[PDB]
Amino acid sequence: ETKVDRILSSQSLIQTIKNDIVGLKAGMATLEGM
Amino acid sequence: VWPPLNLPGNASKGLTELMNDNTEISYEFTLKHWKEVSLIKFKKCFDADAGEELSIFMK
């Protein structure tokens, strides 16, 4: 139980990675526009 | 409402402005972002048409 709770907590990193990648996608479209 | 597509990119806040149809986008706000919209494609035409005003060619 303690170890699964630890795994479940790190799932916060995944969506943070998720949001940042959204910004990287838009920012790259900008560079591509140049 | 505004244009048919006005929110391509990041930040759900611009997406909020879009889906909510806020009549205003503060300069102070839009300074804090990039590519506030990308009305760029190769398909169709928006919000206009041509072939009018018979004046000009007569000049």
# chains A, B, ... in the order shown; residues from 1 in each chain; ligands from 1
>>> interface_residues(of="chain B", to="chain A", cutoff="8 Å", atoms="only C-alpha atoms", output="MDAnalysis selection string")
chainID B and resid 9:11 35
>>> atom_distance(atom1="CA of residue 20 (chain B)", atom2="CA of residue 13 (chain A)")
29.4 Å
>>> atom_distance(atom1="CA of residue 17 (chain B)", atom2="CA of residue 39 (chain B)")
16.1 Å
>>> residues_around(residues="residue 48 (chain B)", least_positions_apart="4", cutoff="12 Å", atoms="only C-alpha atoms", output="VMD selection string")
chain B and resid 3 44 52
>>> write_last_selection(atoms="N, CA, C and O atoms", output="PDB file, in the first residue's frame")
ATOM      1  N   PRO B   3     -14.223  34.737 -34.328  1.00  0.00           N
ATOM      2  CA  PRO B   3     -13.986  33.946 -35.540  1.00  0.00           C
ATOM      3  C   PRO B   3     -14.299  32.465 -35.277  1.00  0.00           C
ATOM      4  O   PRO B   3     -14.300  32.070 -34.127  1.00  0.00           O
ATOM      5  N   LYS B  44     -10.526  27.444 -46.849  1.00  0.00           N
ATOM      6  CA  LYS B  44     -11.776  28.153 -47.092  1.00  0.00           C
ATOM      7  C   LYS B  44     -11.620  29.629 -46.748  1.00  0.00           C
ATOM      8  O   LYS B  44     -10.527  30.105 -46.433  1.00  0.00           O
ATOM      9  N   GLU B  52     -17.712  43.380 -55.565  1.00  0.00           N
ATOM     10  CA  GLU B  52     -18.700  44.411 -55.278  1.00  0.00           C
ATOM     11  C   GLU B  52     -18.090  45.777 -55.570  1.00  0.00           C
ATOM     12  O   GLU B  52     -16.997  45.884 -56.133  1.00  0.00           O
TER      13      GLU B  52
END
>>> atom_distance(atom1="CA of residue 6 (chain B)", atom2="CA of residue 34 (chain A)")
20.4 Å
>>> select_by_dssp(residues="chain B", states="helix (DSSP H, G or I)", output="ChimeraX atom specification")
/B:12-20,27-30,56-58
>>> decode(residues="region 19-30 of chain A", atoms="N, CA, C and O atoms", output="PDB file, in the first residue's frame")
ATOM      1  N   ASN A  19       1.335  19.210 -19.760  1.00  0.00           N
ATOM      2  CA  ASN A  19       1.081  20.622 -20.029  1.00  0.00           C
ATOM      3  C   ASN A  19       2.273  21.267 -20.717  1.00  0.00           C
ATOM      4  O   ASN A  19       2.118  21.968 -21.723  1.00  0.00           O
ATOM      5  N   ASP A  20       3.475  21.040 -20.186  1.00  0.00           N
ATOM      6  CA  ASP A  20       4.663  21.639 -20.783  1.00  0.00           C
ATOM      7  C   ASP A  20       4.795  21.254 -22.250  1.00  0.00           C
ATOM      8  O   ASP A  20       5.119  22.100 -23.094  1.00  0.00           O
ATOM      9  N   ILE A  21       4.543  19.988 -22.580  1.00  0.00           N
ATOM     10  CA  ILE A  21       4.664  19.544 -23.965  1.00  0.00           C
ATOM     11  C   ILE A  21       3.676  20.290 -24.856  1.00  0.00           C
ATOM     12  O   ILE A  21       3.973  20.592 -26.020  1.00  0.00           O
ATOM     13  N   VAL A  22       2.491  20.602 -24.328  1.00  0.00           N
ATOM     14  CA  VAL A  22       1.549  21.433 -25.077  1.00  0.00           C
ATOM     15  C   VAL A  22       2.190  22.764 -25.437  1.00  0.00           C
ATOM     16  O   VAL A  22       2.087  23.234 -26.578  1.00  0.00           O
ATOM     17  N   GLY A  23       2.869  23.393 -24.475  1.00  0.00           N
ATOM     18  CA  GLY A  23       3.561  24.639 -24.775  1.00  0.00           C
ATOM     19  C   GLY A  23       4.690  24.453 -25.765  1.00  0.00           C
ATOM     20  O   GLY A  23       4.896  25.286 -26.651  1.00  0.00           O
ATOM     21  N   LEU A  24       5.445  23.358 -25.634  1.00  0.00           N
ATOM     22  CA  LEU A  24       6.514  23.084 -26.583  1.00  0.00           C
ATOM     23  C   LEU A  24       5.962  22.910 -27.991  1.00  0.00           C
ATOM     24  O   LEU A  24       6.603  23.303 -28.975  1.00  0.00           O
ATOM     25  N   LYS A  25       4.768  22.328 -28.105  1.00  0.00           N
ATOM     26  CA  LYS A  25       4.145  22.148 -29.409  1.00  0.00           C
ATOM     27  C   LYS A  25       3.819  23.493 -30.042  1.00  0.00           C
ATOM     28  O   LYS A  25       4.124  23.736 -31.215  1.00  0.00           O
ATOM     29  N   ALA A  26       3.179  24.377 -29.274  1.00  0.00           N
ATOM     30  CA  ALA A  26       2.809  25.686 -29.803  1.00  0.00           C
ATOM     31  C   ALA A  26       4.044  26.516 -30.099  1.00  0.00           C
ATOM     32  O   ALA A  26       4.163  27.117 -31.174  1.00  0.00           O
ATOM     33  N   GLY A  27       4.975  26.563 -29.149  1.00  0.00           N
ATOM     34  CA  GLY A  27       6.207  27.299 -29.372  1.00  0.00           C
ATOM     35  C   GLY A  27       6.956  26.848 -30.610  1.00  0.00           C
ATOM     36  O   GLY A  27       7.571  27.663 -31.289  1.00  0.00           O
ATOM     37  N   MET A  28       6.896  25.554 -30.929  1.00  0.00           N
ATOM     38  CA  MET A  28       7.627  25.062 -32.087  1.00  0.00           C
ATOM     39  C   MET A  28       6.945  25.448 -33.384  1.00  0.00           C
ATOM     40  O   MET A  28       7.615  25.753 -34.380  1.00  0.00           O
ATOM     41  N   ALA A  29       5.607  25.425 -33.390  1.00  0.00           N
ATOM     42  CA  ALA A  29       4.870  25.977 -34.523  1.00  0.00           C
ATOM     43  C   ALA A  29       5.299  27.419 -34.804  1.00  0.00           C
ATOM     44  O   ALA A  29       5.460  27.826 -35.968  1.00  0.00           O
ATOM     45  N   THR A  30       5.528  28.194 -33.745  1.00  0.00           N
ATOM     46  CA  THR A  30       6.021  29.558 -33.906  1.00  0.00           C
ATOM     47  C   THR A  30       7.359  29.573 -34.636  1.00  0.00           C
ATOM     48  O   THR A  30       7.539  30.317 -35.605  1.00  0.00           O
TER      49      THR A  30
END
